[PDB]
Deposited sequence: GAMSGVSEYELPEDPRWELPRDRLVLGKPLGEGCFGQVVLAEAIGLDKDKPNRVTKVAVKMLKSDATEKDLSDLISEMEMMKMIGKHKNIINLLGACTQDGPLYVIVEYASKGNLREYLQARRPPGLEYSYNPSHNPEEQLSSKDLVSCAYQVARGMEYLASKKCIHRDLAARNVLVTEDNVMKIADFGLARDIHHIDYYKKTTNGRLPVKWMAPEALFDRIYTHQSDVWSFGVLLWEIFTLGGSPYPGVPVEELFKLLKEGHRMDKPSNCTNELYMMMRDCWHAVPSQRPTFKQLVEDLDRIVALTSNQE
């Protein structure tokens, strides 16, 4: 009994469900083909992803899934977020249709492009390596995504490389912006205060994830201790490949006083200059 929205509705018959993209996980998300998403090209098929409830679902799981859709509707369309493409609401179980990212999440994507011969950080797949310009480009893109969300007054609350998806064209797309401790600003850990500024903290941890080609942060640090260490001014060490400039950016993102962290506007501008001066040669 969900209200019809003709801005977004797709007839179930124009949707062909393929294989699950999930690896036995949250909700369900399957690959599909959508017939005539564009009303001006109704004979073209488009590869899409489809989120639906599992068999074992509750009336809170459905309300959560509904909220998510209604929010994506309000936030609007950007290159660097996962966009809503449509929905099947009326004729059976709720389907939410979104953009397909062929290369998976950003952690996986970076891991698979690690040098094979690193004992420190092994390659668990061996895809072509990324230049340092490619890596600064990933960070620029995710920052643009977040600049947009921020401008729509959306606070992500769990920005991380897991929650960034990568397309066939290597386009970074922020996910789950409408629904872990080691990505949370201290004021989020302590006082449960979430802001654009606490998102900027998380983006710092995400820069670290990028430049470690998908490392796990604070390696060996127990969660229980984590708060105290940070209060005492503990920060992660620079990654080995990371320039001093980009480490400064991470540290700035990790300012203890929230008001002193840079904005996503500033980070975008800064990553735009950095990308342009960074070489692809290595």
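Numbered from 1 along the deposited sequence, what ranges are absent from the coordinates?
The deposited sequence has unmodelled segments at 1-9, 135-136, 191-208.
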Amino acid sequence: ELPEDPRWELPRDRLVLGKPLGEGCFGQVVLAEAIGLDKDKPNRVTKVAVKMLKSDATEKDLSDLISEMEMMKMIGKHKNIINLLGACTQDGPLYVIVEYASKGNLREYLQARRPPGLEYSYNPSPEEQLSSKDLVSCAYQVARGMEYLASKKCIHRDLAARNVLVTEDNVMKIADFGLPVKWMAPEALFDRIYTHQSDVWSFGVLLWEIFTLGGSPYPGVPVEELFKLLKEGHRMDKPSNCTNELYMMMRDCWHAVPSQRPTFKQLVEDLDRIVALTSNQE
From here on, numbers count along this sequence of modelled residues.
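Take the two forms, find the largest set of C-alpha atoms that superpose within 1.5 Å, and that set is the rigid core.
Between 79-87 and 108-116, pick out the one whose C-alpha positions differ more from the shown form in 6 other deposited structures of this protein, using the rigid core for superposition.
Between the two stretches, 108-116 moves farther in 6 other deposited structures of this protein.
Decide, for the other PDB entries of this protein that were compared, whether residue 24 is missing from at least a third of their models.
Yes, a third or more of the compared structures omit it.
Could you find out if residue 121 - modelled in this structure - is missing from at least a third of the other PDB entries compared that contain residues on either side?
In at least a third of the comparable entries (those modelling both sides of it), residue 121 has no coordinates.
So which stretch wins on mean C-alpha B-factor, 255-263 or 12-20?
Between 255-263 and 12-20, it is 12-20.
Mean CA temperature factor from the deposited coordinates, higher in 132-140 or in 113-121?
Comparing averages over the C-alpha atoms only gives 113-121.
Between 54, 238, 47, 51, let me know which has the highest C-alpha B-factor in the entry?
By C-alpha B-factor in the record, 54 ranks first.
By the recorded C-alpha temperature factor, relative to the other modelled residues in its chain, which third is residue 212 in?
According to the entry, residue 212 has a C-alpha B-factor in the chain's middle third.
Going by the CA temperature factor in the PDB record, which third of the chain does residue 226 belong to: lowest, middle or highest?
Its C-alpha B-factor belongs to the highest third of this chain's values.
Comparing residue 189 with the other modelled residues of its chain, is its CA B-factor in the lowest, middle or highest third?
For residue 189, whose C-alpha B-factor we compare with every modelled residue in the chain, the answer is the highest third.
Relative to the other modelled residues of the same chain, rank the CA B-factor of residue 88 and answer lowest, middle or highest third.
Within its chain, residue 88 is a middle-third residue by C-alpha B-factor, going by the deposited values.
State the tercile, meaning the lowest, middle or highest third, of residue 62 with respect to the CA B-factors recorded for its chain.
It belongs to the highest third of the chain when residues are ordered by C-alpha B-factor.
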